[PDB]
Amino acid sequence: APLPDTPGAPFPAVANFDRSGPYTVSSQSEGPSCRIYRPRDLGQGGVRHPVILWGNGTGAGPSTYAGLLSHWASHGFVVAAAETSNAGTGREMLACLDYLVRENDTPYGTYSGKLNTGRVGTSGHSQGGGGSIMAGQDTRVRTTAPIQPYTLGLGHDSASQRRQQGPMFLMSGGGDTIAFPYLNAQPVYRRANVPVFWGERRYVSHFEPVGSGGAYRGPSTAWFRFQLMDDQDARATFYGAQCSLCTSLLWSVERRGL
């Protein structure tokens, strides 16, 4: 850990990060209480799929975010969402990683030889966004993208903010009165020991990520494509003084080490 980077053929390019990708998707509950959203046909054309671990919002289940999870899977990601409605410690998210790792390496299953376990990301909404930070401490994790994280309690260890392994895309909502950004997101940005891109979407509430992922679906996808798939087309969304988010009137950007 990190696990070796084992890339396959390059992933098809897409013209929009917020539209579906080329793959037909499926989901199943399997492993240690994991709901996995993935391309129906794994390894099409020789691609090796990067992994995204997902933590739900407090009291929610994977289906609450089915539109977002499937969307990522349509791009070519295998998304392992912990089934738990309380994912703040990040432990259940990582149990799902342990299962995929094992499955990839075994000779005869669904995922055998199909994953790129050297390319792992974490994300989550609210308590699960705190859970993605906590899991981002694992050396197997290359990047995190917490969506409106709740970091004031519900299993969060603020020490984890200074022990990240890769770059973070921190997302907050200007109208979130449940995981108030100044109290839950600003401290994460302040303390991050890795390059951080903090995008605050003005006006949106704590329910914006539920379902299709709303305004966070495209940006989050561009982030994972760039970090996990080396998609250079997604690069400009976050890099440069003129990156897309940077010039958008609906996002407040704060960047560091990038």
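All residue numbers refer to positions in the sequence shown, first residue = 1.
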item	value
Residue range whose averaged C-alpha B-factor is higher in the record, 124 to 132 or 107 to 115	107 to 115
Greater mean Cα temperature factor according to the PDB record, 146 to 154 or 177 to 185	177 to 185
Residue with maximal Cα B-factor (values as given in the PDB entry) among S212, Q44, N56, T221	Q44
Chain-relative CA temperature factor third for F226	middle
Chain-wide C-alpha B factor ranking for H49, given as lowest, middle or highest third	lowest
Chain third (lowest, middle, highest) by recorded CA B-factor, residue given as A159	highest
Assigned third (lowest, middle, highest) for the C-alpha B factor of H71	lowest
Third of chain Cα B-factors occupied by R38	lowest
